[PDB]
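S.K.: How does the following fold in three dimensions:
(chains A, B and C)
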Amino acid sequence: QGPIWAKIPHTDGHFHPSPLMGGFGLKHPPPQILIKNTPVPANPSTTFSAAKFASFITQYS
Amino acid sequence: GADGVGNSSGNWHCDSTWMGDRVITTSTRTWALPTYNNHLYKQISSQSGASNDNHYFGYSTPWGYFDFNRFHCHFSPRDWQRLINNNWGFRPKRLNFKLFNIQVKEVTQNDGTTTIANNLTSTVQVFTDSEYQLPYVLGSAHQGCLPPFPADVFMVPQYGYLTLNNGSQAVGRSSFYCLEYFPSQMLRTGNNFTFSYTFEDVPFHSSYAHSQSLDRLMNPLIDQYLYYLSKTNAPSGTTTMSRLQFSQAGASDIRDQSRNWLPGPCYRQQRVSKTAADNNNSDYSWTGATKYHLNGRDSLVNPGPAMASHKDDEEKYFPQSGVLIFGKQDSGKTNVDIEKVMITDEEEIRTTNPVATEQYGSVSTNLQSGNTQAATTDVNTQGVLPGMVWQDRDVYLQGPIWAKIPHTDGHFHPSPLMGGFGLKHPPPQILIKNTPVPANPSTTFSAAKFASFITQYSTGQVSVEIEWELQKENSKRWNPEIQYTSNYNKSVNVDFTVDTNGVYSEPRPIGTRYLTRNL
Amino acid sequence: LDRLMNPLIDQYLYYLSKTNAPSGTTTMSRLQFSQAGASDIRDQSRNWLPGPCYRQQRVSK
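M.R.: Numbers count the residues shown, from 1 in each chain, chains lettered A, B, ... in the order given. There you are, the coordinates:
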């Protein structure tokens, strides 16, 4: 139940770069995977307004 | 190349070319070379009454040498700005050197009046120590490099070296080198000298600052799944009892999170303030200094391992002997005030390297028990540990470029402590000398060596071209970055220009770390 | 030439609309700025200027 890898910090020098919590030190570790729900605006006004939207449809995925 | 008296043996090349990931800088200067030591080799040694720390033994030769081991020999201030504002790293690739338009001139000192004339048949000797057989004296931050301003004429420095000594005397192991024992090329006016050199592979110099701290690398929104010891006792009826308790670290207790890395090594220095009143009223320049002990001698550690100059909100402080200190224009040699020097600052590396004037940390010294409380102590010197990361010292427009790595059995992270690139085969030394021309000899034979020569010196042009490899930045940062810039406000003089008397001056030291990078 | 805007949307640029403001029973110099719309269309920022001129005398039929 412990960690597997850790990204080696991009520095000028480092010594024996195995992460201290245990595991494999990688200069190019598995990349981060980001995910987000695209916002869906709610019912807008019928007269133009330059203010940014603040009312969205509540949803998840 | 070789031709007559009325033919220039070379042209003036001085500019920079930027093309993609390369930049080629070529510079030209005019030099003057006297006759050193009156054509003799001389044994030199420390004074008899010198302290044991200052004893030395060595030789001084009649040779001069060319030196271009400072960045401002190659980069103009504008070129330096281009480099540091748009690149994450750089390194030298190859080198070209040329010596041309030699002129030898003889001096006559009749009756206090000096007459100078051409000597068309005299010569100069040049050779490059391409096998590293002479003691390498470059890389010690000596004066005598090419001037930063291309219009200046400079004198070639004299060559000399030190060997093993026992006090003021030598030992059997000490070695003596005769530079005439090398093959060298002899040039008359009309000959030139060139050679080429290829740098070995070295890591790019880090021209960035980290935008994250080593102790701040977590996601501040999610707790860890690991626990730490958060309390060692708990309240009982009107009292307490020993009782271990554990917690998961979050943002509220961010100092307790488990981490994978450690800050770089440390070697503590004494702190002094730029405000005069803050410092002690005593002479602690040597007693309070940090030094190393080698063969019974003490030697100042200067500047030593790369550590941050100060923590935040403390620009007024700096380590006693932990920073490079350049002098302002025309500042003296000995005991000048603080207004005459320019003190560098290495604060950009406090994200990974400890502050030079604080302890590295604290470790426990005993075993706590029912009747013994835990005790800790500060760590003032910490060698490297597995899991450490650190940055190297920055380079400056007027600082050194490279240094020769000593030929030893072992070495660790061989980047020179004054900053720059460590090379096992650095650019070779270039020695030069006027060939002696004896004066009127006697008409009856004498076996004694000659002692009367024609007084003469030489002059000419020197050019050096270096190709540098660039490493372009690829940042996804949204907000604008910090850049080096000139101030817009009015002033009597423009920075990095000449004054009304013709004196070129550099008003401040310029590092390389302006762009940013994630840790 | 002076009517080329969209009369429904205000500009994002400002113009100087008032140079003084009322104080206690008096006024004080105080610069104020506004975004031009349709109500003050004469104040909108524009990209062009009318052609040159050389004034003549006017006569009536």
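
S.K.: Let me know the helix or strand that residue A:48 is in.
M.R.: Of the helices and strands defined by DSSP states H and E, none includes residue A:48.

S.K.: list the contacts for it?
M.R.: Residues near residue A:48 by Cβ atoms under 8 Å, 6 or more residues apart in numbering or on different chains: C:8, C:9. C-beta: built from backbone N, CA, C; applies to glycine.

S.K.: Pull up the gap between it and residue A:40, please.
M.R.: From residue A:48 over to residue A:40 the distance is 20 Å, taken as Cβ to Cβ, to the nearest Å.

S.K.: from memory residue A:3 sits against residue A:21, does it?
M.R.: Yes - using Cβ atoms under 8 Å, residue A:3 is in contact with residue A:21, at 5.6 Å.

S.K.: residues in chain A within reach of chain B, list them.
M.R.: A:6, A:8-21 (Cβ under 8 Å from any Cβ of the partner chain).

S.K.: ok, of the residues you listed, which come out buried?
M.R.: Buried by 16 or more other Cβ atoms under 10 Å in any protein chain shown: A:6, A:8, A:9, A:11, A:12, A:13, A:14, A:15, A:17, A:19, A:20, out of those.

S.K.: and these as TSV, adding secondary structure?
M.R.: Formatted as TSV, those follow (DSSP: H, G, I helix; E, B strand; the rest coil):
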residue	secondary structure
A:6	strand
A:8	coil
A:9	coil
A:11	coil
A:12	coil
A:13	strand
A:14	strand
A:15	coil
A:17	coil
A:19	coil
A:20	coil
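
S.K.: Out of these, which comes closest to residue A:26?
M.R.: Relative to residue A:26, the closest of these is residue A:8; by Cβ to Cβ it sits at 6.4 Å.

S.K.: tell me the contacts of the closest one?
M.R.: A:14, A:17, A:25, A:26, A:27, B:389.

S.K.: and those, which two are the farthest apart?
M.R.: Pairwise distances among the contacts of residue A:8 were taken by Cβ to Cβ; the largest, 14.2 Å, belongs to A:26 and B:389.

S.K.: Quick check: phi and psi at residue A:26.
M.R.: The phi/psi pair for residue A:26 (degrees, to the nearest 10) reads phi -120, psi 140.

S.K.: For it, list each beta-bridge partner.
M.R.: residue A:7 (DSSP bridges).

S.K.: Give me the neighbour count for it.
M.R.: Number of residues near residue A:26 (other Cβ atoms under 10 Å in any protein chain shown) recorded here: 14.

S.K.: hang on, it packs against residue A:5?
M.R.: Yes - using Cβ under 8 Å, residue A:26 is in contact with residue A:5, at 5.4 Å.

S.K.: So which residues of chain A form strands?
M.R.: Secondary structure of chain A (DSSP state E): strands at A:5-7, A:13-14, A:24-26.

S.K.: Might you calculate how far the last one sits from the centre of the chain?
M.R.: This means strand A:24-26. A distance of 20 Å separates the centroid of the chain from that of strand A:24-26, by Cα atoms, centre = their mean, to the nearest Å.

S.K.: So which elements touch it?
M.R.: strand A:5-7 (3 or more Cβ pairs under 8 Å, 6 or more residues apart in numbering or on different chains; DSSP states H and E).

S.K.: now the strand it packs on, how far from the centre of its chain.
M.R.: 16 Å.

S.K.: repeat for stretch A:44-57
M.R.: Put simply, stretch A:44-57 sits 28 Å off its chain's centre (Cα atoms, centre = their mean).

S.K.: Ends of it, what's the gap?
M.R.: With Cα to Cα, to the nearest Å as the measure, stretch A:44-57 spans 12 Å from end to end.

S.K.: Which positions within it qualify as buried?
M.R.: Buried residues in stretch A:44-57, counted by 16+ other Cβ under 10 Å: none are found.

S.K.: can you check stretch A:24-40 too?
M.R.: By 16+ other Cβ under 10 Å, the buried positions in stretch A:24-40 come out as residue A:25.

S.K.: Could I get the CA-only coordinates of that stretch as CSV?
M.R.: What follows is stretch A:24-40, C-alpha atoms only, in CSV (Å, rounded to 0.1, in the frame of the first residue of the first chain):
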residue,chain,number,x,y,z
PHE,A,24,11.6,4.4,-8.2
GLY,A,25,13.0,7.8,-9.0
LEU,A,26,12.2,8.9,-12.6
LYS,A,27,13.3,11.9,-14.5
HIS,A,28,10.3,11.5,-16.8
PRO,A,29,7.7,9.8,-14.7
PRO,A,30,4.3,8.7,-15.9
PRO,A,31,2.6,12.0,-16.9
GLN,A,32,-0.3,13.6,-15.0
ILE,A,33,-3.7,13.0,-16.4
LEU,A,34,-6.1,16.0,-15.9
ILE,A,35,-9.9,15.8,-16.4
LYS,A,36,-12.7,18.3,-16.1
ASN,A,37,-16.4,18.7,-16.9
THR,A,38,-17.0,21.3,-19.6
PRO,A,39,-19.2,24.0,-18.1
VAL,A,40,-22.7,24.4,-19.5
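
S.K.: what's near enough to touch residue A:19?
M.R.: When contacts are counted by Cβ under 8 Å, 6+ apart, residue A:19 is found next to A:3, A:5, A:6, A:25, B:260, B:261, B:387.

S.K.: Kindly recompute the last result at 7 Å.
M.R.: Residues near residue A:19 by Cβ atoms under 7 Å, 6 or more residues apart in numbering or on different chains: A:6, A:25, B:260.

S.K.: wouldn't the second one be in contact with residue A:14 here?
M.R.: Okay, so that is residue A:25. No - if you go by Cβ atoms under 7 Å, residue A:25 and residue A:14 don't touch, sitting 8.7 Å apart.
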